2 protein chains.
Amino acid sequence: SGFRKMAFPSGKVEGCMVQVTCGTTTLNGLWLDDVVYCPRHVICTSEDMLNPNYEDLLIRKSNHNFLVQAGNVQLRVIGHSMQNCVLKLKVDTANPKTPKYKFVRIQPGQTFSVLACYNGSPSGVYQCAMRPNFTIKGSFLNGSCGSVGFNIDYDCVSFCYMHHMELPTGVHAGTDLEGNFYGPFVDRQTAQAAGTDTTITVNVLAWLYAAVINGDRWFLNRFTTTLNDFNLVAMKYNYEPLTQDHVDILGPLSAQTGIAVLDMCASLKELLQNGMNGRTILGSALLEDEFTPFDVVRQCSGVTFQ
Amino acid sequence: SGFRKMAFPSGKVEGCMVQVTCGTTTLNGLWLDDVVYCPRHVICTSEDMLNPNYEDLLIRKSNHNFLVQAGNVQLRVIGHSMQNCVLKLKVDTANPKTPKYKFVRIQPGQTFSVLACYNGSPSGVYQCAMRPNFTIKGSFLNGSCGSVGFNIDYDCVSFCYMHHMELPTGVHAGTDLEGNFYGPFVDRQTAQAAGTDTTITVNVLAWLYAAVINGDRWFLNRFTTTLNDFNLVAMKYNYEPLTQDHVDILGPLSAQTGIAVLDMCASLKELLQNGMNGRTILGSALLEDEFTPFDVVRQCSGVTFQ
Ligand SMILES: *[C@@H](Cl)C(=O)N(c1cncc(Cl)c1)c1cccc(-c2cc(Cl)cc3cn(C)nc23)c1
Ligand SMILES: *[C@@H](Cl)C(=O)N(c1cncc(Cl)c1)c1cccc(-c2cc(Cl)cc3cn(C)nc23)c1
């Protein structure tokens with residue numbers, strides 16, 4: 001037992017991280033087969049980055065303007081192209097460490113692991129969620145752009161995120177691996193800002209089930225509620241609506257604990273109206289919304305990856 | 001910016017994990033050079049595990065009683081011996097993926113990453129602290145014994161922990177890699193139990209500095225306090241004492257923020273006496289004590305590992 005914010009083993013991804021330099025800008029790239037993926041703002045300078053035309057900027061570059069270093073071994077760039085907000089740098093060597101992989105785009109409310117990197121060297125790993133407003137609450141310093149987020153499903157790495165920027169509030173924004181931003185953010189200096197977030201309701205319920213599975217039960221009650229009457233309270237407290245699909249997805253956790261989904265909603269209702277009154281759940285004094293029903297089943301049942 | 005519970009990249013350790021089977025018991029082992037390290041209770045059965053004599057049990061075993069699987073490749077055991085509570089299984093192949101490494105024993109209050117494993121396959125990675133009572137609050141299911149905890153310093157893996165058991169309260173206990181338990185726990189079925197824990201004071205202060213570095217300042221005040229008068233309050237709330245050495249170690253974080261160490265103690269004093277009153281710090285409504293001063297400098301400054 002126990003319940004922790006768990007990331008996927010990062011090794012398969014560590015073997016893909018490289019350093020990409022163009023002019024005075026150094027950042028991280030992802031090396032799969034014979035292509036290195038990196039944020040296209042690598043080709044911009046400080047004054048470029050104000051209001052740039054990336055097609056103009058890129059036609060002025062050459063293969064030899066991109067230094068790629070894979071460890072202490074230089075990769076030779078033999079072609080380059082832009083796809084949306086990422087650069088694709090064709091190199092003369094296929095990455096011998098290429099895992100089986102897919103490029104997938106996730107939904108707000110879904111989680112993923114982040115391998116933070118600087119100068120192509122992995123620094124740390126942690127677990128994030130895509131917020132309903134398409135930001136993530138990460139940990140990123142200057143030079144971390146190009147770090148990726150991913151999930152692992154048996155032996156296959158599903159890359160979902162490439163880091164691009166930090167917004168004024170300290171939250172982070174980036175793209176999927178086809179270079180399409182998550183949310184209404186651009187790789188130009190504007191006054192862009194996050195926008196109002198909500199709490200991921202289905203995830204809080206999943207975590208409440210994790211808590212029961214791990215022996216925290218003080219928040220349970222004999223009450224129940226209808227889906228509609230719960231949603232009227234959820235809206236009040238800036239929680240997103242709960243759908244029948246969410247109820248179905250919470251099915252297995254319901255059956256394992258014997259607490260009907262709508263009963264746990266009644267428990268959440270009372271937590272929202274009363275607060276926690278000195279007590280904690282799974283070592284938290286807040287309702288945690290960055291674990292999916294999948295994450296809870298995985299951690300509380302023990303699936304591995306190979 | 002941002003601040004997350006960050007683990008070290010786990011790849012160097014993933015390449016050392018193997019499966020060890022003896023009789024009907026399967027668990028994880030650590031394969032470095034030509035030795036596989038695993039918990040010695042692998043040789044026990046259910047009724048053995050009540051009150052066992054491990055020297056007796058081990059002299060009755062043979063090399064061929066230990067099946068070691070490194071992925072889908074069987075390793076041949078050519079020798080075995082016991083060191084304290086671990087087994088050392090000499091195999092006929094040196095692990096080609098052996099990193100530079102050290103076996104180190106950590107102090108309560110220090111942190112480390114855990115690579116949870118089942119059947120020799122890595123499952124997830126997360127960050128723990130050694131509690132003052134020599135337990136850790138982990139996430140471990142049946143079959144995870146033999147998973148290890150570690151830190152990385154440039155390119156060298158310092159292994160500090162091998163998982164052995166879960167105590168009745170849901171917390172976890174194990175050994176260093178020489179097989180000496182952390183704390184007063186034994187690998188026999190007794191009624192052993194955790195014992196009273198305290199909060200790691202120097203770590204809370206480190207995390208308060210992390211918060212200031214990341215823009216949370218509402219808890220700051222103009223007050224100050226003496227070391228002795230702070231410690232009188234710390235004891236009341238079950239915090240461990242703060243020493244001049246802790247003050248010296250908080251030096252760099254003090255200088256970076258311009259908040260004298262003793263001033264931040266005055267801030268903590270008031271948080272302890274008043275609570276947080278609806279507010280949060282770094283996304284927590286509790287005072288977090290599982291980040292060291294080292295961890296904060298690392299994350300808020302950006303060191304990598306290669
Ligand atoms: C890589 Cl060069 C990099 O990591 N960052 C960065 C990312 N996350 C946090 C922090 Cl503090 C820095 C980075 C550095 C310089 C500029 C930018 C950047 C990126 C975009 Cl997409 C837009 C934009 C607009 N401005 C002024 N800077 C931007 C990111
Ligand atoms: C490996 Cl066999 C294993 O992972 N565990 C285990 C570890 N952590 C959590 C859980 Cl729920 C299980 C394990 C399985 C069976 C027995 C033991 C064990 C270990 C020790 Cl050191 C002592 C002891 C006493 N008893 C009754 N079981 C014990 C651990």
Side-chain angles (χ1 to χ4, degrees), chain A residues 1-15 17 71-72 113-128 136-144 152 166 169-172 214-215 275-276 278 280 283-286 290 295 298-306, chain B residues 1-15 17 71-72 113-128 136-144 152 166 169-172 214-215 275-276 278 280 283-286 290 295 298-306:
Chain A
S1 71
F3 204 75
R4 280 273 194 189
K5 194 159 282 188
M6 214 175 267
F8 289 99
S10 59
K12 272 161 173 81
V13 180
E14 297 168 46
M17 301 305 306
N72 48 23
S113 308
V114 172
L115 181 61
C117 292
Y118 302 88
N119 304 295
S121 283
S123 170
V125 66
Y126 56 87
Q127 190 76 346
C128 288
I136 69 169
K137 300 184 173 266
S139 173
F140 290 115
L141 306 163
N142 189 26
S144 63
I152 315 289
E166 176 167 315
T169 50
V171 303
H172 299 103
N214 281 287
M276 282 190 214
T280 59
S284 177
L286 293 186
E290 295 208 348
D295 295 341
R298 162 183 74 129
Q299 196 168 158
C300 302
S301 162
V303 173
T304 50
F305 316 94
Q306 201 170 12
Chain B
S1 71
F3 204 75
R4 280 273 194 189
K5 194 159 282 188
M6 214 175 267
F8 289 99
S10 59
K12 272 161 173 81
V13 180
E14 297 168 46
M17 301 305 306
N72 48 23
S113 308
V114 172
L115 181 61
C117 292
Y118 302 88
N119 304 295
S121 283
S123 170
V125 66
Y126 56 87
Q127 190 76 346
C128 288
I136 69 169
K137 300 184 173 266
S139 173
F140 290 115
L141 306 163
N142 189 26
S144 63
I152 315 289
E166 176 167 315
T169 50
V171 303
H172 299 103
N214 281 287
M276 282 190 214
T280 59
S284 177
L286 293 186
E290 295 208 348
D295 295 341
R298 162 183 74 129
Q299 196 168 158
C300 302
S301 162
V303 173
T304 50
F305 316 94
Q306 201 170 12

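All values below come from the heavy atoms of this structure, side chains included, with hydrogens, waters and symmetry mates left out. By convention in this document, chain letters (A, B, ...) are assigned in the order of the sequence lines, proteins followed by strands, and residues within each chain are numbered from 1.
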Novice: So which residue, A:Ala285, A:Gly302, A:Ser139, A:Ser113, ends up with the most heavy-atom pairs under 4.5 Å with chain B?
Specialist: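 The candidate making the most pairs under 4.5 Å is A:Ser139.
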Novice: Return the minimal non-hydrogen interatomic distance between B:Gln127 and B:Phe8, and the atom names on each side.
Specialist: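 B:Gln127 and B:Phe8 have their closest heavy atoms at OE1-N, 4.4 Å.
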Novice: Tell me, side chain or backbone of B:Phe305 under 4.5 Å from chain A's heavy atoms, or both, or neither?
Specialist: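 Both parts, backbone and side chain.
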Novice: What part of B:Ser301 gets closer than 4.5 Å to chain A, counting heavy atoms only: side chain, backbone, both or neither?
Specialist: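 Backbone only.
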Novice: Is chain A contacted by the side chain of B:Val125, its backbone, both, or neither, given a heavy-atom distance below 4.5 Å?
Specialist: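 Both parts, backbone and side chain.
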Novice: Between A:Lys5 and B:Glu290, is the closest basic N to carboxylate O distance under 4.0 Å?
Specialist: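 Judged by the 4.0 Å cut-off on N to carboxylate O distance, B:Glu290 and A:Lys5 do not form a salt bridge.
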Novice: Which atom names give the shortest non-hydrogen contact between B:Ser10 and A:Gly11, and what distance separates them?
Specialist: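 Where B:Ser10 meets A:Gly11 most closely, the heavy atoms are OG-N, 4.3 Å.
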Novice: In terms of heavy-atom pairs under 4.5 Å with chain A, which of B:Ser121, B:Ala7, B:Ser1 leads?
Specialist: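 Heavy-atom pairs under 4.5 Å are most numerous for B:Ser1.
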Novice: Is B:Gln299 in contact with chain A via its backbone, its side chain, both, or neither, using a 4.5 Å heavy-atom distance?
Specialist: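 Its backbone and side chain both get close to chain A.
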Novice: Quick one: CD on A:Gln306 to CD on B:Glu14, what's the gap to the nearest 0.5 Å?
Specialist: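 Output value for this atom pair is 11.0 Å.
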Novice: Please check: side-chain N/O of B:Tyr126 versus main-chain N/O of B:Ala116, any donor-acceptor pairing under 3.5 Å?
Specialist: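 Side chain of B:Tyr126 to backbone of B:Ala116: no pair is present.
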